[PDB]
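Student: Heads up: the sequence lines are chains A and B, in that order.
If you're matching positions, the first sequence starts at 123 in full-length UniProt numbering and goes up one per residue.
If you're matching positions, the second sequence starts at 318 in full-length UniProt numbering and goes up one per residue.
The beta carbon of each residue, even a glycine, is placed where N, CA and C say it ideally should be.
Quick one: the structure is below, and I'll ask about it shortly.
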Amino acid sequence: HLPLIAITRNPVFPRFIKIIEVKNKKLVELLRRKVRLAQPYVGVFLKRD
Amino acid sequence: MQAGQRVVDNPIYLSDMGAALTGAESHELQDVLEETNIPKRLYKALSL
Numbered sequence: 123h124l125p126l127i128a129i130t131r132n133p134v135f136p137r138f139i140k141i142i143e144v145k146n147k148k149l150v151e152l153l154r155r156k157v158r159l160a161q162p163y164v165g166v167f168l169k170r171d
Numbered sequence: 318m319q320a321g322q323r324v325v326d327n328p329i330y331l332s333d334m335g336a337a338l339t340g341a342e343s344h345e346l347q348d349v350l351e352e353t354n355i356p357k358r359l360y361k362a363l364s365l
């Protein structure tokens, strides 16, 4: 139950470890707000052209 | 400046930057700058 993430030119193929490095620091706010939750998780989606 | 970041907003500059690594004499550079078509300059830059 989280708002969509900013893929920003980064393909994450199924069952293929990948790294994401956005230059903006606002997505880190969402990554630190999930630390108190019991299970922390995130979804990965794809962008259009 | 990676090819996977899609940050190459100016491809002409990327092809020129790649041709800049060539050690060819200045004349070759001038001749490549004279080239107007795109496959010729890419083909020649690769040749250099």
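#1: Please classify residue 128 of chain A as buried or exposed, where buried requires at least 16 neighbouring CB atoms within 10 angstroms.
#2: When you compare only the Cα positions, how much space is there between residue 154 of chain A and residue 162 of chain A?
#3: Would residue 132 of chain A and residue 139 of chain A be called neighbours here (beta carbons separated by less than 8 Å)?
#4: In whole angstroms, what is the alpha-carbon distance linking residue 330 of chain B and residue 342 of chain B?
#5: For a test of the three-state rule: what should DSSP assign to residue 163 of chain A, helix, strand or coil?
Tutor: Concretely, from the data shown:
#1: By the neighbour-count rule (16 or more Cβ atoms within 10 Å), residue 128 of chain A is not buried but exposed.
#2: When rounded, the distance between both Cα atoms is 10 Å.
#3: For residue 132 of chain A and residue 139 of chain A, no; Cβs fall outside 8 Å.
#4: Spanning the two alpha carbons is a distance of roughly 20 Å.
#5: Residue state, collapsed to three classes: coil.
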